[PDB]
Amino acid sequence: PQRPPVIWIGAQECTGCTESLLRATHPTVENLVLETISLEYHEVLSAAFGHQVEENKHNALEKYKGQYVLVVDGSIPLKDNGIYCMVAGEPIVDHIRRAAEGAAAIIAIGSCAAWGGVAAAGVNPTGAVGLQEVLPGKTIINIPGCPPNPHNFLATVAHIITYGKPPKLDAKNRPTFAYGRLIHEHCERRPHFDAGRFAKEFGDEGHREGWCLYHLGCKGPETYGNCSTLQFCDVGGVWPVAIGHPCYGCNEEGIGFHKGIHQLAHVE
């Protein structure tokens, strides 16, 4: 049987979103690439390099025209005509727009691709932008997080494969099953918040009773995602707040990498 083709292009990426796949369990990365999809292009994993890997891309772009899902991690730098990310002697923007034309669906995985992320924070030296900005006429599926739980991505791809269409999306084009709700509106520490039971410093008494982390600067109140429920690594009970550190808002534009760790959610 023939497996749905996927082409993966990394722009200004730290490779964390690729690495999330290595933590996945349903499917595991090896079942992903051997059973669920055909990974036609991926620089981190591909046996081929150099001229042979660019052969692989053009061949896949041609053979699987109109059928592949195009995935992009990393931000795209627009400043100085694209020079801040150059592969095979061309700006990454160009590789991306060419790949976008034959795409059946287009996913921006990770906050960088979704909205510029950390690379677009501060003074943004490279003029980094999100994928949607680069591809303005296309519907881009955003799957943010730094990096998201890999299954936010995997179950989105599976929905396309299994049911022939993307999952339901919010106004920001994020799949609702993963991003339809604020972390704070589904957080197990909400009763401590309600009761004013707050950790004030790491290692204090409240902290060591698993109290709410709002006053350590938790961004759960303004960050959409599924960190409190799906959580991470499928071992049970692990997300930043459960291990004792406030949500930093990495999913969410204008929060993550903008606000201080210990800046309160009601403070701009």
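Start at 1 and count along the sequence shown; that's the residue number.
In this entry, the higher average B-factor at the C-alpha atoms falls on 128-136, of the pair 128-136 and 178-186. Across the two stretches, 150-158 and 97-105, the PDB entry reports the greater mean Cα temperature factor for 97-105. In this entry, the residue among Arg208, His26, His58, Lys219 with the greatest C-alpha B factor is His58.
For the set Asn31, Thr223, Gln67, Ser228, the maximum C-alpha B-factor listed in the entry falls on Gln67. For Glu13, the recorded CA temperature factor ranks within the highest third of the chain's modelled residues. In this PDB entry, the Cα temperature factor of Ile37 sits in the middle third of its chain's modelled residues. Residue-level temperature factors show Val53 in the highest third of its chain, judged at the C-alpha atom. Residue-level temperature factors show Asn81 in the highest third of its chain, judged at the C-alpha atom. Remark: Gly74 belongs to the middle third of its chain, ranked by C-alpha B-factor as recorded.
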